[PDB]
Amino acid sequence: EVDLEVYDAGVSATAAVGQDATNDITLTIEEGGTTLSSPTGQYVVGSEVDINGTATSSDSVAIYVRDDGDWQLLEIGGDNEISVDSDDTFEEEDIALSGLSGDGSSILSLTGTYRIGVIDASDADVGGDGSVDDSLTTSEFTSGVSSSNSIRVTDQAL
Amino acid sequence: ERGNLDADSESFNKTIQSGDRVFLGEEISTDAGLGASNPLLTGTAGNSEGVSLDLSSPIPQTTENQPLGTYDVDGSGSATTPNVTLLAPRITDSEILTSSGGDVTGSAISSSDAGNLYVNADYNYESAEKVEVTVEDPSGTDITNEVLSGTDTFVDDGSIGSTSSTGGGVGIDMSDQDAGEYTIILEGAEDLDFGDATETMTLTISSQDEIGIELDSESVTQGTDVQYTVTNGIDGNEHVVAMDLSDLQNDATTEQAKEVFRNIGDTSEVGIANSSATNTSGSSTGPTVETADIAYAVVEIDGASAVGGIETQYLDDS
Amino acid sequence: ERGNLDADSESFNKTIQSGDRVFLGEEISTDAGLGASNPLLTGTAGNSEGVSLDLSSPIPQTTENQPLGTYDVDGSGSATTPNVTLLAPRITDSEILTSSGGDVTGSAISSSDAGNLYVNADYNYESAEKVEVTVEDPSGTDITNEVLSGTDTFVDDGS
């Protein structure tokens, strides 16, 4: 909870530290939920799917995949980010997760149950150039605003 | 002084001398000058003859009770002695231009590039009063001190097209502000702020969301022309809309592929291009339909969006 | 030149000479001519006497602050010397006619026969500036370059 205190007219800045406020107003500060919707539940290996989700307070978002270790970055392509509209919603076209180049995609190639999460631009190369180019660990991924959901990949039969 | 206002770092002066000019809404100063040495003035000719001009009081407006013209001390007569001509206050042209030119008024601009904007105007009243600039947020609050960058809120006469702070014009750094539609207000320093002396220039700030494209229809048949619009682009620059030749019908010819994009709208050139050369609609000299691989139409933008068109005729049903 | 605008393939000219005509919305050029040799002008008679005309600045409109009439260098006096008369800009009549006559403005026409249409107009300002033609679709987009056939978008007076 965050408060704002006003003071009577003519009071000085230094002398206003001790005098009580004439009135007040309070507001609450939390962090917005940035979650994914479509890459959840099931995924056929080699298939293409869109990236669907929402982000209340975000400008650039990145998608990471984890399996018994580091969160390997998934190279979605252009600028490795997705913009967010005024409706606090971000979307991407149909992307083949395993098809795309990068070591992040290589984890999802093999059949199993994994985890996929999204993170805001708060990383920014964990400090440095304005680009998402790292493999954030568990502490780094969790420290910023993020969310992850369980995903498993199934075999493809024509 | 008067007539050279910035020479003394003054935003205004009301010490009128003989033979100078006076505007409709002024408030003459009765101190030393032609405000205590000769407070009563009478018209000379035209509609203003006989009518009196009281300098000790504020001057009326809208060309009623104070006709425009030269004023004598004696009236219509044989004397040409302490003297005032009465003009009208005016703002003629005003624009918002980026650091390298390009009007951006009334058009949405990217927040990243909206950091070196300039405001310029031409006004009739340069001898009397400078014109103020006041940036207002969509909520309606004076944010001028936050966005001001230089020139001290005063913009000189002329100086339209001045892309540098050296010339007249004030720079505003609107990059930090959020997305919204903003209004820049221009008006005189003290008195000349009524109609025809003030102008509100609007400005839209919105995210640099990737260039937006929309179609008036998504499900169409062959032969039906479809209009495509490019949205949220930097004004004065040439985009390229591409067409993959794989979607083209196999039995098409070279001249049959150069007419997929029409010259409708803001389109500049149409044709088919390759990694080495291009074949425009002007002549069939570059790559052929089998030789080329892309169909393009370079399109500019005027304002916030530009519109083009396509011919869905001779397109694969997919 | 000025007064014979198409003689030099120019769409406009702002080099005013003595005794010529000037319209309400013009923007005089301060280069060689009567824009640097005599930038200050004063009225002669009628409602325009005494009123000044600043050629170095754009001229106001709607017959306010700039009355119509002849302007001297000396004002109402005994001099008839560098000189400007101020008229008003006007378009009087304009029609769309088929290749063999017949006005078709404001009336539906067949697409097959709408292939040799013409646009004509009469305007007051022929010495100063030509008048442009811009065809707009119902969606509101400039399609002039697609439908243009000749005359280079400039239509002459009369005709």
# chains A, B, ... in the order shown; residues from 1 in each chain; ligands from 1

$ residues_around --residues "stretch 62-75 of chain B" --least-positions-apart "2" --cutoff "7 Å" --atoms "only C-alpha atoms" --output "PDB file with N, CA and C atoms, in the first residue's frame"
ATOM      1  N   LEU B  41      -6.676  59.932 -30.557  1.00  0.00           N
ATOM      2  CA  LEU B  41      -6.382  59.784 -31.973  1.00  0.00           C
ATOM      3  C   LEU B  41      -7.675  59.640 -32.759  1.00  0.00           C
ATOM      4  N   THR B  42      -7.656  60.155 -33.986  1.00  0.00           N
ATOM      5  CA  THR B  42      -8.820  60.182 -34.858  1.00  0.00           C
ATOM      6  C   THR B  42      -8.452  59.597 -36.216  1.00  0.00           C
ATOM      7  N   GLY B  43      -9.446  59.030 -36.891  1.00  0.00           N
ATOM      8  CA  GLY B  43      -9.206  58.382 -38.163  1.00  0.00           C
ATOM      9  C   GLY B  43      -8.887  59.364 -39.273  1.00  0.00           C
ATOM     10  N   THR B  44      -8.396  58.815 -40.387  1.00  0.00           N
ATOM     11  CA  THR B  44      -7.915  59.613 -41.511  1.00  0.00           C
ATOM     12  C   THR B  44      -8.772  59.460 -42.760  1.00  0.00           C
ATOM     13  N   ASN B  47     -13.241  53.899 -44.166  1.00  0.00           N
ATOM     14  CA  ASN B  47     -14.250  53.695 -43.138  1.00  0.00           C
ATOM     15  C   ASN B  47     -13.809  54.202 -41.776  1.00  0.00           C
ATOM     16  N   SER B  48     -12.527  54.521 -41.603  1.00  0.00           N
ATOM     17  CA  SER B  48     -12.006  54.913 -40.302  1.00  0.00           C
ATOM     18  C   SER B  48     -12.014  56.416 -40.077  1.00  0.00           C
ATOM     19  N   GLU B  49     -12.342  57.209 -41.093  1.00  0.00           N
ATOM     20  CA  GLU B  49     -12.298  58.656 -40.951  1.00  0.00           C
ATOM     21  C   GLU B  49     -13.378  59.130 -39.985  1.00  0.00           C
ATOM     22  N   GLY B  50     -13.006  60.062 -39.116  1.00  0.00           N
ATOM     23  CA  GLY B  50     -13.893  60.588 -38.091  1.00  0.00           C
ATOM     24  C   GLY B  50     -13.911  59.760 -36.819  1.00  0.00           C
ATOM     25  N   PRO B  60     -10.871  47.747 -29.067  1.00  0.00           N
ATOM     26  CA  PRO B  60     -11.845  46.696 -29.387  1.00  0.00           C
ATOM     27  C   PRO B  60     -11.411  45.826 -30.558  1.00  0.00           C
ATOM     28  N   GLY B  77      -7.310  65.423 -42.814  1.00  0.00           N
ATOM     29  CA  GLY B  77      -6.878  66.801 -42.969  1.00  0.00           C
ATOM     30  C   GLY B  77      -5.556  66.981 -43.666  1.00  0.00           C
ATOM     31  N   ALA B  79      -2.596  67.429 -42.004  1.00  0.00           N
ATOM     32  CA  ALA B  79      -1.531  67.138 -41.063  1.00  0.00           C
ATOM     33  C   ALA B  79      -1.173  65.664 -41.160  1.00  0.00           C
ATOM     34  N   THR B  80       0.132  65.386 -41.181  1.00  0.00           N
ATOM     35  CA  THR B  80       0.682  64.030 -41.104  1.00  0.00           C
ATOM     36  C   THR B  80       1.664  64.065 -39.939  1.00  0.00           C
ATOM     37  N   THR B  81       1.145  63.791 -38.753  1.00  0.00           N
ATOM     38  CA  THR B  81       1.778  64.024 -37.462  1.00  0.00           C
ATOM     39  C   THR B  81       1.372  62.847 -36.571  1.00  0.00           C
ATOM     40  N   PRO B  82       1.764  62.771 -35.235  1.00  0.00           N
ATOM     41  CA  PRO B  82       1.753  61.473 -34.526  1.00  0.00           C
ATOM     42  C   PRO B  82       0.635  60.515 -34.909  1.00  0.00           C
ATOM     43  N   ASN B  83       0.991  59.249 -35.108  1.00  0.00           N
ATOM     44  CA  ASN B  83       0.437  58.444 -36.185  1.00  0.00           C
ATOM     45  C   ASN B  83       0.354  56.997 -35.731  1.00  0.00           C
ATOM     46  N   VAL B  84      -0.731  56.332 -36.116  1.00  0.00           N
ATOM     47  CA  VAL B  84      -0.954  54.925 -35.803  1.00  0.00           C
ATOM     48  C   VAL B  84      -1.734  54.306 -36.951  1.00  0.00           C
ATOM     49  N   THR B  85      -1.286  53.145 -37.409  1.00  0.00           N
ATOM     50  CA  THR B  85      -2.045  52.317 -38.330  1.00  0.00           C
ATOM     51  C   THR B  85      -2.490  51.056 -37.604  1.00  0.00           C
ATOM     52  N   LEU B  86      -3.719  50.630 -37.868  1.00  0.00           N
ATOM     53  CA  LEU B  86      -4.341  49.544 -37.122  1.00  0.00           C
ATOM     54  C   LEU B  86      -4.511  48.351 -38.054  1.00  0.00           C
ATOM     55  N   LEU B  87      -3.791  47.274 -37.759  1.00  0.00           N
ATOM     56  CA  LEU B  87      -3.843  46.032 -38.508  1.00  0.00           C
ATOM     57  C   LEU B  87      -4.661  45.001 -37.739  1.00  0.00           C
TER      58      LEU B  87
ATOM     59  N   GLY C  50      -5.662  54.092 -47.062  1.00  0.00           N
ATOM     60  CA  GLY C  50      -4.967  54.106 -45.786  1.00  0.00           C
ATOM     61  C   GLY C  50      -4.482  52.739 -45.340  1.00  0.00           C
ATOM     62  N   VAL C  51      -5.262  51.695 -45.625  1.00  0.00           N
ATOM     63  CA  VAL C  51      -4.883  50.344 -45.229  1.00  0.00           C
ATOM     64  C   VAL C  51      -3.619  49.935 -45.969  1.00  0.00           C
ATOM     65  N   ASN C  65      -9.323  42.847 -43.117  1.00  0.00           N
ATOM     66  CA  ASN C  65      -7.973  43.363 -42.925  1.00  0.00           C
ATOM     67  C   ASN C  65      -7.239  43.607 -44.237  1.00  0.00           C
TER      68      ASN C  65
END

$ select_by_dssp --residues "chain C" --states "strand (DSSP E)" --output "ChimeraX atom specification"
/C:20-22,40-43,52-54,69-72,84-86,91-97,118-123,131-132,154-155

$ write_last_selection --atoms "N, CA, C and O atoms" --output "CSV table (one decimal), in the first residue's frame"
chain,number,residue,atom,x,y,z
C,20,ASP,N,0.0,44.9,-62.0
C,20,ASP,CA,-0.6,43.5,-62.2
C,20,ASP,C,-1.7,43.4,-61.2
C,20,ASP,O,-2.1,44.3,-60.4
C,21,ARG,N,-2.3,42.2,-61.1
C,21,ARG,CA,-3.3,41.8,-60.2
C,21,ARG,C,-2.8,40.8,-59.2
C,21,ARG,O,-2.0,40.0,-59.5
C,22,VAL,N,-3.4,40.9,-58.0
C,22,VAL,CA,-3.0,40.0,-56.9
C,22,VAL,C,-4.3,39.5,-56.2
C,22,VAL,O,-5.3,40.2,-56.1
C,40,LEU,N,6.4,47.5,-49.3
C,40,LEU,CA,5.4,48.1,-48.5
C,40,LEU,C,4.4,48.8,-49.4
C,40,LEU,O,4.8,49.7,-50.2
C,41,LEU,N,3.1,48.5,-49.3
C,41,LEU,CA,2.1,49.1,-50.2
C,41,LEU,C,0.9,49.6,-49.4
C,41,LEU,O,0.6,49.0,-48.3
C,42,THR,N,0.3,50.7,-49.8
C,42,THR,CA,-0.8,51.3,-49.1
C,42,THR,C,-2.0,51.5,-50.1
C,42,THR,O,-1.8,51.6,-51.3
C,43,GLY,N,-3.2,51.5,-49.5
C,43,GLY,CA,-4.4,51.6,-50.3
C,43,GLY,C,-4.5,53.0,-50.9
C,43,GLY,O,-3.9,54.0,-50.6
C,52,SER,N,-2.7,49.2,-45.3
C,52,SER,CA,-1.5,48.8,-45.8
C,52,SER,C,-1.5,47.3,-46.3
C,52,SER,O,-2.4,46.6,-45.8
C,53,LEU,N,-0.7,47.0,-47.3
C,53,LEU,CA,-0.6,45.7,-47.8
C,53,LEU,C,0.8,45.2,-47.8
C,53,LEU,O,1.7,45.8,-48.5
C,54,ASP,N,1.1,44.3,-46.9
C,54,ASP,CA,2.5,43.8,-46.7
C,54,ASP,C,2.7,42.6,-47.7
C,54,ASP,O,2.2,41.5,-47.5
C,69,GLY,N,-9.1,46.6,-53.8
C,69,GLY,CA,-9.0,47.8,-54.5
C,69,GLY,C,-7.5,48.0,-55.0
C,69,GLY,O,-6.7,47.2,-54.8
C,70,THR,N,-7.3,49.1,-55.7
C,70,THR,CA,-6.0,49.5,-56.2
C,70,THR,C,-5.2,50.1,-55.0
C,70,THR,O,-5.7,50.7,-54.1
C,71,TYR,N,-3.9,49.8,-55.0
C,71,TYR,CA,-3.0,50.1,-54.0
C,71,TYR,C,-1.8,51.0,-54.6
C,71,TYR,O,-1.2,50.6,-55.5
C,72,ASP,N,-1.6,52.1,-54.0
C,72,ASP,CA,-0.4,53.0,-54.4
C,72,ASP,C,0.8,52.6,-53.6
C,72,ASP,O,0.8,51.7,-52.7
C,84,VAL,N,-0.6,47.6,-57.4
C,84,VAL,CA,-1.2,46.3,-57.2
C,84,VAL,C,-2.7,46.5,-57.0
C,84,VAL,O,-3.2,47.4,-56.3
C,85,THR,N,-3.5,45.8,-57.7
C,85,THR,CA,-4.9,45.7,-57.5
C,85,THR,C,-5.3,44.3,-57.0
C,85,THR,O,-4.7,43.3,-57.4
C,86,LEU,N,-6.2,44.3,-56.0
C,86,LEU,CA,-6.5,43.0,-55.2
C,86,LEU,C,-7.9,42.6,-55.6
C,86,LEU,O,-8.9,43.2,-55.3
C,91,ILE,N,-14.2,30.4,-58.9
C,91,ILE,CA,-14.5,29.4,-59.9
C,91,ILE,C,-16.0,29.6,-60.2
C,91,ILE,O,-16.8,29.5,-59.3
C,92,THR,N,-16.3,29.9,-61.5
C,92,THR,CA,-17.6,30.2,-61.8
C,92,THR,C,-18.4,29.0,-62.3
C,92,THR,O,-19.5,28.7,-61.7
C,93,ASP,N,-18.0,28.3,-63.3
C,93,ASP,CA,-18.7,27.2,-63.9
C,93,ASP,C,-17.8,26.1,-64.1
C,93,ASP,O,-16.6,26.3,-64.5
C,94,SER,N,-18.3,24.8,-64.0
C,94,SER,CA,-17.5,23.6,-64.2
C,94,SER,C,-18.4,22.5,-64.6
C,94,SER,O,-19.5,22.4,-63.9
C,95,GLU,N,-18.0,21.7,-65.5
C,95,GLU,CA,-18.9,20.6,-66.0
C,95,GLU,C,-18.0,19.4,-66.4
C,95,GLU,O,-16.8,19.5,-66.6
C,96,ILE,N,-18.7,18.2,-66.4
C,96,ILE,CA,-18.1,17.0,-67.0
C,96,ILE,C,-18.9,16.6,-68.2
C,96,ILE,O,-20.1,16.5,-68.2
C,97,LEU,N,-18.2,16.5,-69.3
C,97,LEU,CA,-18.8,16.3,-70.6
C,97,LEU,C,-18.2,15.1,-71.3
C,97,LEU,O,-17.0,14.9,-71.2
C,118,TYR,N,-14.4,14.3,-69.9
C,118,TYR,CA,-13.6,15.5,-69.8
C,118,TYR,C,-14.1,16.3,-68.6
C,118,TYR,O,-15.2,16.2,-68.2
C,119,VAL,N,-13.1,17.1,-68.1
C,119,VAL,CA,-13.4,18.0,-67.0
C,119,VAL,C,-13.0,19.4,-67.4
C,119,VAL,O,-11.8,19.6,-67.9
C,120,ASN,N,-13.9,20.3,-67.3
C,120,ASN,CA,-13.7,21.7,-67.7
C,120,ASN,C,-14.2,22.6,-66.6
C,120,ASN,O,-15.0,22.2,-65.8
C,121,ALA,N,-13.6,23.8,-66.5
C,121,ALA,CA,-14.0,24.8,-65.5
C,121,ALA,C,-13.6,26.2,-66.0
C,121,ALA,O,-12.7,26.3,-66.8
C,122,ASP,N,-14.2,27.2,-65.4
C,122,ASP,CA,-13.8,28.6,-65.5
C,122,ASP,C,-13.4,29.1,-64.2
C,122,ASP,O,-14.2,29.0,-63.2
C,123,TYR,N,-12.2,29.7,-64.1
C,123,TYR,CA,-11.7,30.3,-62.8
C,123,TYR,C,-11.2,31.7,-63.1
C,123,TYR,O,-10.8,32.0,-64.2
C,131,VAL,N,-5.4,25.5,-62.0
C,131,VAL,CA,-6.3,24.7,-61.0
C,131,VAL,C,-6.1,23.3,-61.3
C,131,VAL,O,-6.1,22.8,-62.4
C,132,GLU,N,-5.9,22.5,-60.2
C,132,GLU,CA,-5.6,21.1,-60.2
C,132,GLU,C,-6.9,20.3,-60.2
C,132,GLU,O,-7.9,20.8,-59.8
C,154,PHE,N,-3.7,19.9,-65.6
C,154,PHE,CA,-3.9,21.3,-65.6
C,154,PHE,C,-5.0,21.7,-66.6
C,154,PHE,O,-4.9,21.3,-67.8
C,155,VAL,N,-6.1,22.3,-66.2
C,155,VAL,CA,-7.2,22.8,-67.1
C,155,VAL,C,-7.1,24.3,-67.2
C,155,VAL,O,-6.9,25.0,-66.2

$ closest_atom_pairs --of "chain A" --to "chain B" --cutoff "12 Å" --atoms "only C-alpha atoms" --output "Markdown table"
| residue | atom | partner | partner_atom | distance |
| --- | --- | --- | --- | --- |
| A:59 | CA | B:207 | CA | 9.6 |
| A:60 | CA | B:209 | CA | 11.1 |
| A:78 | CA | B:210 | CA | 11.2 |
| A:79 | CA | B:210 | CA | 11.5 |
| A:81 | CA | B:210 | CA | 11.4 |
| A:82 | CA | B:209 | CA | 9.6 |
| A:83 | CA | B:209 | CA | 6.7 |
| A:84 | CA | B:209 | CA | 8.2 |
| A:85 | CA | B:209 | CA | 7.9 |
| A:86 | CA | B:207 | CA | 9.3 |
| A:90 | CA | B:209 | CA | 11.2 |

$ write_last_selection --atoms "N, CA and C atoms" --output "CSV table (one decimal), in the first residue's frame"
chain,number,residue,atom,x,y,z
A,59,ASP,N,6.5,-4.7,-22.8
A,59,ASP,CA,6.9,-4.2,-24.1
A,59,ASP,C,7.4,-5.2,-25.0
A,60,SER,N,8.4,-6.0,-24.6
A,60,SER,CA,8.9,-7.1,-25.3
A,60,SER,C,8.9,-8.4,-24.5
A,78,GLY,N,12.3,-12.8,-35.7
A,78,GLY,CA,12.5,-11.4,-35.7
A,78,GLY,C,12.5,-10.7,-34.3
A,79,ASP,N,13.7,-10.3,-33.9
A,79,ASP,CA,13.9,-9.5,-32.7
A,79,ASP,C,13.6,-10.3,-31.4
A,81,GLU,N,11.0,-11.1,-29.9
A,81,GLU,CA,10.0,-10.3,-29.0
A,81,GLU,C,8.7,-10.2,-29.7
A,82,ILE,N,7.7,-10.0,-28.9
A,82,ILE,CA,6.3,-9.7,-29.4
A,82,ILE,C,5.8,-8.5,-28.7
A,83,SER,N,5.2,-7.6,-29.5
A,83,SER,CA,4.6,-6.4,-28.9
A,83,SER,C,3.2,-6.7,-28.3
A,84,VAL,N,2.8,-5.8,-27.4
A,84,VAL,CA,1.5,-5.9,-26.7
A,84,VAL,C,0.6,-4.8,-27.1
A,85,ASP,N,-0.6,-5.0,-27.4
A,85,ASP,CA,-1.6,-4.0,-27.8
A,85,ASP,C,-2.1,-3.3,-26.6
A,86,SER,N,-3.1,-2.4,-26.8
A,86,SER,CA,-3.7,-1.7,-25.7
A,86,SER,C,-4.5,-2.6,-24.8
A,90,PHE,N,-1.0,-10.1,-26.3
A,90,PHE,CA,0.0,-10.2,-27.4
A,90,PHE,C,-0.2,-11.6,-28.1

$ interface_residues --of "chain C" --to "chain B" --cutoff "12 Å" --atoms "only C-alpha atoms" --output "PyMOL selection string"
chain C and resi 25-27+42-54+56-61+63-67+69+75-77+134-137+139-148

$ residues_around --residues "stretch 63-72 of chain A" --least-positions-apart "4" --cutoff "7 Å" --atoms "only C-alpha atoms" --output "ChimeraX atom specification"
/A:104,114-119,135-138

$ closest_residue --among "A:96, A:49, A:110, A:62" --to "residue A:131" --atoms "only C-alpha atoms"
A:62

$ select_by_dssp --residues "stretch 101-253 of chain B" --states "helix (DSSP H, G or I)" --output "PDB file with C-alpha atoms, in the first residue's frame"
ATOM      1  CA  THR B 144       5.125  22.309 -21.310  1.00  0.00           C
ATOM      2  CA  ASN B 145       7.905  22.483 -18.716  1.00  0.00           C
ATOM      3  CA  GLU B 146       8.418  18.713 -18.897  1.00  0.00           C
ATOM      4  CA  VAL B 147       8.756  18.523 -22.696  1.00  0.00           C
ATOM      5  CA  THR B 151      14.341  28.407 -27.479  1.00  0.00           C
ATOM      6  CA  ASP B 152      12.505  29.445 -24.280  1.00  0.00           C
ATOM      7  CA  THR B 153       8.927  28.785 -25.437  1.00  0.00           C
ATOM      8  CA  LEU B 245       5.301 -15.874 -57.215  1.00  0.00           C
ATOM      9  CA  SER B 246       4.409 -19.338 -55.887  1.00  0.00           C
ATOM     10  CA  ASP B 247       0.877 -18.074 -55.200  1.00  0.00           C
TER      11      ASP B 247
END

$ residues_around --residues "residue A:35" --least-positions-apart "4" --cutoff "9 Å" --atoms "only C-alpha atoms" --output "number ranges by chain"
A: 52-55, 117-119, 146-149

$ residues_around --residues "residue B:98" --least-positions-apart "6" --cutoff "10 Å" --atoms "only C-alpha atoms" --output "PyMOL selection string"
chain B and resi 104+113-119+161-164+171

$ decode --residues "stretch 123-136 of chain C" --atoms "N, CA, C and O atoms" --output "JSON list (two decimals), in the first residue's frame"
[["chain", "number", "residue", "atom", "x", "y", "z"],
["C", 123, "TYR", "N", -12.23, 29.72, -64.09],
["C", 123, "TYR", "CA", -11.71, 30.26, -62.85],
["C", 123, "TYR", "C", -11.20, 31.68, -63.07],
["C", 123, "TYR", "O", -10.77, 32.04, -64.17],
["C", 124, "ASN", "N", -11.26, 32.48, -62.01],
["C", 124, "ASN", "CA", -10.84, 33.87, -62.08],
["C", 124, "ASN", "C", -9.32, 34.01, -62.11],
["C", 124, "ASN", "O", -8.79, 34.90, -62.78],
["C", 125, "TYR", "N", -8.61, 33.13, -61.40],
["C", 125, "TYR", "CA", -7.17, 33.25, -61.22],
["C", 125, "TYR", "C", -6.45, 32.46, -62.31],
["C", 125, "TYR", "O", -6.03, 31.32, -62.13],
["C", 126, "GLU", "N", -6.30, 33.10, -63.46],
["C", 126, "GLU", "CA", -5.53, 32.50, -64.55],
["C", 126, "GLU", "C", -4.13, 33.09, -64.67],
["C", 126, "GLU", "O", -3.22, 32.39, -65.13],
["C", 127, "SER", "N", -3.94, 34.34, -64.27],
["C", 127, "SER", "CA", -2.62, 34.94, -64.34],
["C", 127, "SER", "C", -1.69, 34.38, -63.28],
["C", 127, "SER", "O", -0.47, 34.36, -63.47],
["C", 128, "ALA", "N", -2.25, 33.92, -62.15],
["C", 128, "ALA", "CA", -1.45, 33.52, -61.00],
["C", 128, "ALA", "C", -1.18, 32.02, -60.97],
["C", 128, "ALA", "O", -0.02, 31.59, -61.04],
["C", 129, "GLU", "N", -2.23, 31.21, -60.87],
["C", 129, "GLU", "CA", -2.06, 29.78, -60.64],
["C", 129, "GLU", "C", -3.08, 28.99, -61.45],
["C", 129, "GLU", "O", -4.24, 29.39, -61.56],
["C", 130, "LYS", "N", -2.64, 27.86, -62.00],
["C", 130, "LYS", "CA", -3.57, 26.93, -62.61],
["C", 130, "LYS", "C", -4.36, 26.19, -61.53],
["C", 130, "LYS", "O", -4.04, 26.25, -60.34],
["C", 131, "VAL", "N", -5.40, 25.48, -61.96],
["C", 131, "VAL", "CA", -6.27, 24.75, -61.05],
["C", 131, "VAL", "C", -6.07, 23.25, -61.26],
["C", 131, "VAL", "O", -6.05, 22.78, -62.40],
["C", 132, "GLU", "N", -5.89, 22.53, -60.16],
["C", 132, "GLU", "CA", -5.60, 21.10, -60.20],
["C", 132, "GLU", "C", -6.90, 20.30, -60.22],
["C", 132, "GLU", "O", -7.95, 20.75, -59.77],
["C", 133, "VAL", "N", -6.81, 19.08, -60.75],
["C", 133, "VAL", "CA", -7.90, 18.12, -60.73],
["C", 133, "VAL", "C", -7.43, 16.88, -59.99],
["C", 133, "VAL", "O", -6.31, 16.40, -60.22],
["C", 134, "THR", "N", -8.25, 16.40, -59.06],
["C", 134, "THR", "CA", -7.91, 15.24, -58.25],
["C", 134, "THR", "C", -9.15, 14.36, -58.13],
["C", 134, "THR", "O", -10.11, 14.73, -57.46],
["C", 135, "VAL", "N", -9.12, 13.20, -58.78],
["C", 135, "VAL", "CA", -10.23, 12.26, -58.71],
["C", 135, "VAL", "C", -10.09, 11.43, -57.44],
["C", 135, "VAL", "O", -9.01, 10.93, -57.12],
["C", 136, "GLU", "N", -11.19, 11.29, -56.71],
["C", 136, "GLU", "CA", -11.21, 10.57, -55.45],
["C", 136, "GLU", "C", -12.25, 9.47, -55.50],
["C", 136, "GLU", "O", -13.40, 9.72, -55.89]]
